[PDB]
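Q: Any chance you could fold what I've pasted below:
(6 chains, ligands or ions: 14)
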Amino acid sequence: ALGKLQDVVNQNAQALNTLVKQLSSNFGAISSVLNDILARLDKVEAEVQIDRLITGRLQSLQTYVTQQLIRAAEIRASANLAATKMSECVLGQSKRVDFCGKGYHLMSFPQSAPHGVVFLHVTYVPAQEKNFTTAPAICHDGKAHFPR
Amino acid sequence: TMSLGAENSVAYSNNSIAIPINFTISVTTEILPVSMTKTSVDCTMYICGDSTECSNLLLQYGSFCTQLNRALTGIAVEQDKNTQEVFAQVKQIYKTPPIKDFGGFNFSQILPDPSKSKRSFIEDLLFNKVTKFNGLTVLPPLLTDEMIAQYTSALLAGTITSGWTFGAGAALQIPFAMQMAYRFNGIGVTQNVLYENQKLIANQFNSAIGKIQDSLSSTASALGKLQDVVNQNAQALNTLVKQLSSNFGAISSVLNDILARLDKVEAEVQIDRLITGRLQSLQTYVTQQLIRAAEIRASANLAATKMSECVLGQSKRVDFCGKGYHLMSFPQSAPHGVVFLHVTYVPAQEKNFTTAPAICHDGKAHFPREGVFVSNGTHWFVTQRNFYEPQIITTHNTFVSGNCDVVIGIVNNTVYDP
Amino acid sequence: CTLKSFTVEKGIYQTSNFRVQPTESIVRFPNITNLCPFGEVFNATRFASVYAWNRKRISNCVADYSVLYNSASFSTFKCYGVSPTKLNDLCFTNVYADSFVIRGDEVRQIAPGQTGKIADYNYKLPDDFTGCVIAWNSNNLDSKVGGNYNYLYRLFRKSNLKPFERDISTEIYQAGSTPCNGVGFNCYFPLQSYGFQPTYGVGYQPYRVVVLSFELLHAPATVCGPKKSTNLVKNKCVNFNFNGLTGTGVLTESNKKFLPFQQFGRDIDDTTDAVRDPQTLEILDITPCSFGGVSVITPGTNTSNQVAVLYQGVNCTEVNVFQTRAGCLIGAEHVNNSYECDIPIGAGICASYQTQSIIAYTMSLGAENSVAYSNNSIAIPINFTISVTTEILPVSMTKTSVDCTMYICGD
Amino acid sequence: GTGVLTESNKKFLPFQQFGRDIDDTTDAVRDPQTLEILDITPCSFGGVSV
Amino acid sequence: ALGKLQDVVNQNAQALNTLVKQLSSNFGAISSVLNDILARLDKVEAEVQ
Amino acid sequence: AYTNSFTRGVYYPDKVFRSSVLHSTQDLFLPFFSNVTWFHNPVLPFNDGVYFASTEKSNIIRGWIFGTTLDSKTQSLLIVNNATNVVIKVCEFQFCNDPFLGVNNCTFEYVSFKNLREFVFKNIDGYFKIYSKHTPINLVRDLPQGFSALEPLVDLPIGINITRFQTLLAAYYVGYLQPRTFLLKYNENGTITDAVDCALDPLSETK
Ligand SMILES: *[C@@H]1O[C@H](CO)[C@@H](O)[C@H](O)[C@H]1NC(C)=O
Ligand SMILES: *[C@@H]1O[C@H](CO)[C@@H](O)[C@H](O)[C@H]1NC(C)=O
Ligand SMILES: *[C@@H]1O[C@H](CO)[C@@H](O)[C@H](O)[C@H]1NC(C)=O
Ligand SMILES: *[C@@H]1O[C@H](CO)[C@@H](O)[C@H](O)[C@H]1NC(C)=O
Ligand SMILES: *[C@@H]1O[C@H](CO)[C@@H](O)[C@H](O)[C@H]1NC(C)=O
Ligand SMILES: *[C@@H]1O[C@H](CO)[C@@H](O)[C@H](O)[C@H]1NC(C)=O
Ligand SMILES: *[C@@H]1O[C@H](CO)[C@@H](O)[C@H](O)[C@H]1NC(C)=O
Ligand SMILES: *[C@@H]1O[C@H](CO)[C@@H](O)[C@H](O)[C@H]1NC(C)=O
Ligand SMILES: *[C@@H]1O[C@H](CO)[C@@H](O)[C@H](O)[C@H]1NC(C)=O
Ligand SMILES: *[C@@H]1O[C@H](CO)[C@@H](O)[C@H](O)[C@H]1NC(C)=O
Ligand SMILES: *[C@@H]1O[C@H](CO)[C@@H](O)[C@H](O)[C@H]1NC(C)=O
Ligand SMILES: *[C@@H]1O[C@H](CO)[C@@H](O)[C@H](O)[C@H]1NC(C)=O
Ligand SMILES: *[C@@H]1O[C@H](CO)[C@@H](O)[C@H](O)[C@H]1NC(C)=O
Ligand SMILES: *[C@@H]1O[C@H](CO)[C@@H](O)[C@H](O)[C@H]1NC(C)=O
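A: Residues are numbered from 1 along each chain as shown, chains lettered A, B, ... in the order given. Ligands and ions are numbered 1, 2, ... in the order given. The structure is reproduced below:
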């Protein structure tokens, strides 16, 4: 039922698990383990092997930060929408169609959730329609009458 | 030096009001992009392609090709979401009656032509004006253009036959002229102003739809907002494919020529320069496509909001559903987007009147119940403020509040008591 | 295996790239049979002085470079832009063989992008050199009793040589204000000699040098390795090699209107689209063998172990079986009914697990309805239902921060 | 390396010398002179704010 | 009150100052000064730096 | 005397087939609207390469001499064309401006107003190239404002140094090639149909 909030948790977990796994990549060095290179080689050759790890790990971290900057702007759009729903929908009575649930909006109530908000939108939905003949106006003594 | 517009000194004074004698029904057109082409790139087929030698070197970089293919897959699946948020708002596929008794209003240019996809006449103008081995693939959308046209048809058939009611529950039928009288009443213009002018209002609407048809047939330049979404994606892919021909400091940009000319210990040094440059070339493309997809999502969320508030309702939000006071609007599909034909009341022929905040009868101040007091030379009347219709001042048209002494600008005139 | 889990939720997952593999392998070299005249260079009586290096152009022959690189005679055999082991598989537009003698220390100067007396005043190689430098000690041939003075080099010049510039001029060089005058103090005759003696130390002993320069253009070959041509094969997926243009694809007969000088053709992205057979006036279109994405369509593994497979863009004649516009769909039953979309396949098609097996169907947009419109009929609600609908919105992320010095460099 | 060392209840089989975790980390080790299994943990770290 | 406008002005100034300060970095080369590499080293070595 | 070249002197830049594509290429080309010389004789400089054209009716022009000295000390290239053979020869020739008064340490030999004959001579990489085109025209031979591309005749590995040339004898035009970037319109069935000289004017640079 809360798949929107759990999706935001799962994306942040997949991003961090990917960032950590990229420490195990060689990037073309003789080992992925920074302690092996320094335990096995002297400065002149260890600086060649380490700069391959620096270059790949810095690219790995720049990719993570760039995708978190893009993902934060999507959460800020949802937080600015939730802030607008609390003002117009909870603190008021909205006359905007579909903004505050299906049907004509009466009121709504905020409930908190992990990293999110839940609105319980109360609305009047009409039921049991019946047909009837109708008219735009009525003739009385030659005067045309319209409903107020 | 650019002109900001013509100057206009408005004729303001403490006792003058201008009220419109007449109106024009205006049909404005608004175009919004909703989705991109679902292009997806195989990172290994782009960087290497066929070569096992390059593929085994690319494994040393770890998760990057899964991370890039995951990002382009998220952009691709979101284009189907954006299209569902806009069009798939209607619960049931409504159909118009076979008899077009809409009170003189003519929807033939915007309803389906069943002889044809079964698009409207204006949807065919909109569909005409807009126009594999490197690891690039183009995926089809989930909804075909014929399915999008069935949704715009259902939204339009619900709107014409049942007003806003199909957005709030079951569609309740109402005669189209009576629906228009309540859309007039919703902008503060009294219902009789429709029924007494119904043939003029119908002819102004029918004429304004004819100007949309002529304008969309005449020039493509209006749809530049949709065509730019095609052009930005095409320039991104042309740049990504051109970057396969770059050397990046390798002996050749052709991977098979490196493999045909050199043994492993030398070939792997040349191939890693191509892997490095081609990986950076693809990371730059996916980053700018992620930022571009977020701009299209914002425009799809705006188009989905315009369909709820302008099409399924009657917006009171100024300039949200075109210029003038919004009456209703109609959805028409276009490739990668949506078009709204916004019907609005525009007041057209203002005249100057003397005005007052209140009037004095038997030593008591009367205020207009709804409307303005206006003077026709020597005489005083009360009118609705959006269309000139001078009623006599009466004890029903007005309410009292206290003595004459408090109000600034009050005038002495008789109130009739029926 | 793709999802790194033993459980799979309902969905459609990309898992692989499908490819047709080549069923045969081809080599296509020109009609030529005579061995190249390398012996006229490597067994020459003598080479020129290095300031006046001698160039032979080699063409229209087969070059067995193994005759060269297997020999223990060569005290040096370096290659640039090619491996010597690989030369018997290649083809070249021309080969230029350049020949001279220099002392054993100076052989270092015969390499790309060098600076020095021999490199800049006698024989300069280009920066993007493709070719081989072959050298051997010649103290047994070029050194002589009392010294051999037939071998010379330029020691002074007004400006450095460009790549493959040749300059035999004997004119006097000027090192100061002193005019050359056919003679002086800070003015010099610019040419000098090694005087090679058979008793010289090995750095001053003569070495014979041959440099082979290879050019491969957008052009025909005229020198090719000894690698035998074979029969042409068509409409199958094949691995191929036309004049050293290694690749893989379906070869077809084709009607590209080549003008007589055009040797091959290119697509709008510069990929090689067609070739001319080096043994026939026949034009072959090169098309890639069938490949594309593979997506697996599944209910949850908690529900069934059945799956269906979509070969994306692939045609069912060239992979129950159903041709969607998304690609060939295999293992899902086509159905004439329509339902709400369960798993989305594309172009109006969806799939579900139903009465059980996987089915594929055209999605249904909603229930069909006609509103009972008339010019004098309304409808009014007799009643109402107060409705409560839950809306969920995300508001925040986890506040992560990373010490980039500790992530990158680990303390 | 650098870390805190402690006892562990990691059930190393007789052929296993060390344990691993996905950061490319050695997670635990068998002491070569006395065959107990030690947890390795990072020495405590964090940002400083003023 | 105007902190939203000054923040937008300050961010663009900080990003340009950072872009220009990255010209002083070596990225592993012998020097950050492009003329200094060409003064010290011969063609094939200088081009790798 | 002088003439406007219009868009003359375009040639197929490489031995590659292309169709329905615009190809952007750098090479020695005659610039658009360049200022070509006109003649009835003399020895001329060769610069980076030559575009040459002539009035194909009387058939008086038969070939060319190319070299530095044109008379001994070093080789010159001789080209002669007649009703049975094209002949090309390289020698330490000692003739004046009329070897056809007769006709030398030779090193290479090879054998093969109503109309406009056009030629390009270029001496780079694999040495001396010839491109040509022959087409009917209206009777005013003033380099017509239409467009066509010259096709390669021969490509000769001869290694010679050329700084001057002369014609073997109608009227003829001479223009010089320059290092230039062109955009070429390969329309359909391999054929170049239009071009932009990208350095001519700001609109061509925009195209
Ligand atoms: C209204 O009239 C239509 C047409 O006669 C009919 O289908 C419908 O059942 C009637 N009743 C209601 C509740 O709409
Ligand atoms: C109102 O405008 C219509 C045309 O839009 C015109 O025919 C009509 O005469 C006008 N009426 C008045 C009162 O100006
Ligand atoms: C509706 O408009 C079209 C286009 O002007 C016209 O051909 C058609 O006859 C009109 N229909 C009616 C019922 O007036
Ligand atoms: C209203 O009054 C002003 C000032 O007298 C005048 O300039 C303007 O033209 C008048 N407008 C109309 C519609 O009469
Ligand atoms: C409106 O004013 C005019 C003078 O401007 C006057 O002739 C007319 O009688 C007035 N209207 C009425 C209903 O009296
Ligand atoms: C309005 O009527 C009152 C009472 O008759 C009088 O005092 C006042 O002067 C009048 N004002 C005007 C402008 O007629
Ligand atoms: C190539 O050689 C074969 C015989 O080996 C001959 O039949 C064929 O005509 C030749 N083709 C060309 C283009 O020389
Ligand atoms: C699939 O390939 C066959 C054989 O070429 C062809 O008849 C059919 O039209 C193709 N269908 C599609 C959708 O590509
Ligand atoms: C209205 O609906 C309620 C249940 O929601 C029911 O108890 C009531 O009898 C209905 N009234 C009418 C007039 O149908
Ligand atoms: C040394 O190492 C071995 C490892 O198996 C252990 O058995 C032994 O107790 C240790 N100490 C001595 C004194 O051997
Ligand atoms: C350049 O062209 C003009 C116009 O044809 C001509 O008058 C002029 O003499 C030419 N100049 C040179 C140096 O070619
Ligand atoms: C000229 O024509 C004669 C005809 O016998 C022929 O022998 C010769 O090859 C041709 N070419 C030249 C340059 O002499
Ligand atoms: C070609 O010969 C001329 C004769 O003056 C000479 O100046 C020039 O240097 C030579 N070309 C080259 C590329 O050296
Ligand atoms: C080449 O294309 C042109 C397009 O105008 C056409 O006239 C010509 O007939 C074509 N040639 C062939 C061989 O089809």
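
Q: Now the residue nearest the centre of chain A. Nearest residue, chain neighbours left out?
A: Chain A has residue A:75 as the residue nearest its centroid, 4.4 Å off, counting by CA atoms, centre = their mean. Leaving aside its chain neighbours, residue A:75 sits nearest to residue C:397 (5.6 Å; criterion: CB to CB, 6 or more residues apart in numbering or on different chains). (Each C-beta comes from the backbone N, C-alpha and C, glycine too.)

Q: check contacts around the one you found.
A: Counting by CB atoms under 8 Å, 6 or more residues apart in numbering or on different chains, residue C:397 makes contact with A:8, A:12, A:71, A:72, A:75, A:115.

Q: rewinding a little: now do the SS call for the residue nearest to the centre of chain A.
A: Per DSSP: H, G, I helix; E, B strand; the rest coil, the local secondary structure of residue A:75 is helix.

Q: same check, this time on residue F:60
A: Per three-state DSSP, residue F:60 ends up coil.

Q: so what's the spatially closest residue to it that is not a sequence neighbour up against?
A: Distances taken as CB to CB, 6+ apart place residue F:170 nearest to residue F:60, at 4.0 Å, with adjacent residues excluded. Contact analysis of residue F:170 by CB under 8 Å, 6+ apart lists F:54, F:55, F:57, F:58, F:59, F:60, F:61.

Q: swap the cut-off to 10 Å and go again
A: When contacts are counted by CB atoms under 10 Å, 6 or more residues apart in numbering or on different chains, residue F:170 touches F:39, F:40, F:54, F:55, F:56, F:57, F:58, F:59, F:60, F:61, F:113.

Q: Quickly note the distance from residue A:46 to residue A:94.
A: Residue A:46 is 65 Å from residue A:94, where distance means CB to CB, to the nearest Å.

Q: Which one of these two is surrounded by more residues?
A: Per other CB atoms under 10 Å in any protein chain shown, whichever of residue A:46 and residue A:94 has more neighbours is residue A:94, with 20 against 17.

Q: what number of residues lie near the residue lying closest to residue A:110 once chain neighbours are set aside?
A: Spatial nearest neighbour of residue A:110, excluding adjacent residues (CB to CB, 6+ apart): residue A:90 at 5.6 Å. Neighbour count of residue A:90, defined by other CB under 10 Å: 18.

Q: Hmm, residue A:90 is touching residue A:109, no?
A: Yes: at 7.0 Å, residue A:90 counts as touching residue A:109 under the criterion of CB atoms under 10 Å.

Q: can you list residues touching both of these two?
A: A:119, A:120, A:121.

Q: Name only those of those residues that count as buried.
A: A:119, A:121 (16 or more other CB atoms under 10 Å in any protein chain shown).

Q: nearest to residue C:288, of the shared contacts of residue A:90 and residue A:109?
A: Using CB to CB, the shortest approach to residue C:288 within the shared contacts of residue A:90 and residue A:109 belongs to residue A:119, at 53.2 Å.

Q: So in terms of bridging, what pairs with the residue of chain F found nearest ligand 11?
A: Nearest to ligand 11, among the residues of chain F, is residue F:35, at 3.7 Å (CB to the nearest ligand atom). When bridges are called by DSSP bridges, residue F:35 pairs up with residue F:4.

Q: what about it, neighbour count?
A: Close neighbours of residue F:35, defined as other CB under 10 Å, add up to 11.

Q: What parts of chain F come near ligand 14?
A: Residues of chain F lying close to ligand 14 (CB under 6 Å from any ligand atom) are F:188, F:189.

Q: Now the residue in chain C that ligand 8 sits nearest to: closest residue in space that isn't a chain neighbour?
A: Nearest to ligand 8, among the residues of chain C, is residue C:315, at 3.7 Å (CB to the nearest ligand atom). Once flanking residues are discounted, residue C:315 sits nearest to residue C:328: 6.4 Å by CB to CB, 6+ apart.

Q: And for residue C:279?
A: residue C:31 (6.0 Å).

Q: returning to that earlier point: from what I can see the residue nearest to residue C:315 touches residue C:311, true?
A: Yes: applying CB under 10 Å, one finds residue C:328 in contact with residue C:311, separated by 4.5 Å.

Q: any common contacting residues for these two?
A: Joint contacts of residue C:328 and residue C:311 (CB under 10 Å, 6+ apart) are C:18, C:292, C:318, C:319.

Q: Helices along chain F, start to end?
A: With DSSP state H, the ranges of helices along chain F come out as F:202-206.

Q: Within range of ligand 13, give me the residues from it.
A: Counting by CB under 6 Å from any ligand atom, chain F sits next to ligand 13 at F:68, F:161, F:163.

Q: mind giving me TSV with the residues you listed and columns for distance to residue F:44 and neighbour count?
A: As requested, the residues of chain F next to ligand 13 are arranged in TSV below (distance: CB to CB, whole Å; neighbours: other CB atoms under 10 Å in any protein chain shown):
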residue	distance to residue F:44	neighbour count
F:68	13	15
F:161	16	12
F:163	10	13
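
Q: In terms of distance to residue C:121, which of those ranks first?
A: residue F:161 (20.4 Å).

Q: The nearest residue to that closest one once chain neighbours are set aside: what's it in contact with?
A: Excluding its sequence neighbours, the residue lying closest to residue F:161 (CB to CB, 6+ apart) is residue F:68, at 5.8 Å. Residues near residue F:68 by CB under 10 Å, 6+ apart: F:46, F:74, F:75, F:76, F:160, F:161, F:162, F:163, F:164.

Q: my read is residue A:135 is in a strand, agree?
A: No: using three-state DSSP, the assignment for residue A:135 is coil, not a strand.

Q: residue contacts, it?
A: Residue A:135 neighbours (CB under 10 Å, 6+ apart): A:146, A:147, B:175, B:178, C:376, C:378.

Q: 8 Å instead, please
A: Taking CB under 8 Å, 6+ apart as the definition, contacts of residue A:135 comprise residue C:376.

Q: Check residue C:392 too.
A: A:1, A:2, A:4, A:5, A:113, A:116, A:117, A:118.
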